[PDB]
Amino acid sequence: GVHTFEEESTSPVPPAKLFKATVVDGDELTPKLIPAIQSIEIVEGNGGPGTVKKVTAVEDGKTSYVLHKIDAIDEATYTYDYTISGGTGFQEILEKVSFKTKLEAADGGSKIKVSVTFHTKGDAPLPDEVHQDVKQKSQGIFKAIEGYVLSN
């Protein structure tokens, strides 16, 4: 089953700085800022579309990973589209979740435009708990980096 959500939020950080921290320096900063995430390793490609990253994390003493695949990336338009799937750490009811993110200038800061598509196994509805967990983690990473950028 396919479940789509669209959201907008704002940041006081201007788009080039926010894009650089979250997308270009994200693989270095995320493990430093999020206790559970141990590493983000490129397993295929060189940072362009098709690049696959292995994200390893620890929870309740156990180690697992998921795969992050770049669908599109363009620095000039602050565009970053990526898919989370597979590995040993992914939500059981999900085949994949695809993200389309875009920043634009707003009021000295950034407007953030997101489109999120959950692909559930078979014809399963998206449980509230799975929506909530993917959203909290997505927000957590983005907002940990944003706070870091504000501190510097």
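Between two forms, the rigid core is the largest collection of C-alphas that superpose within 1.5 Å. Residues carry their position along the shown sequence, with the first being 1.
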Between 91-99 and 65-73, the one whose CA atoms sit farther away in 4 other deposited structures of this protein (rigid core aligned): 91-99
Stretch farther from shown form by Cα RMS in 4 other deposited structures of this protein, picked from 11-19 and 124-132 after core fit, is 124-132
Indicate yes or no: is residue 60 absent from the model in at least a third of the other PDB entries of this protein that were compared? yes
Greater mean Cα temperature factor according to the PDB record, 136-144 or 7-15: 7-15
Looking only at CA atoms, which has the higher mean B factor in the entry: 96-104 or 46-54? 46-54
Identify, among 110, 120, 83, 38, the residue whose C-alpha carries the highest B-factor in the deposited PDB entry. 38
If you rank every modelled residue in this chain by C-alpha B factor, which third holds residue 63: lowest, middle or highest? highest
How does residue 21 rank on Cα B-factor within its chain, lowest, middle or highest third? middle
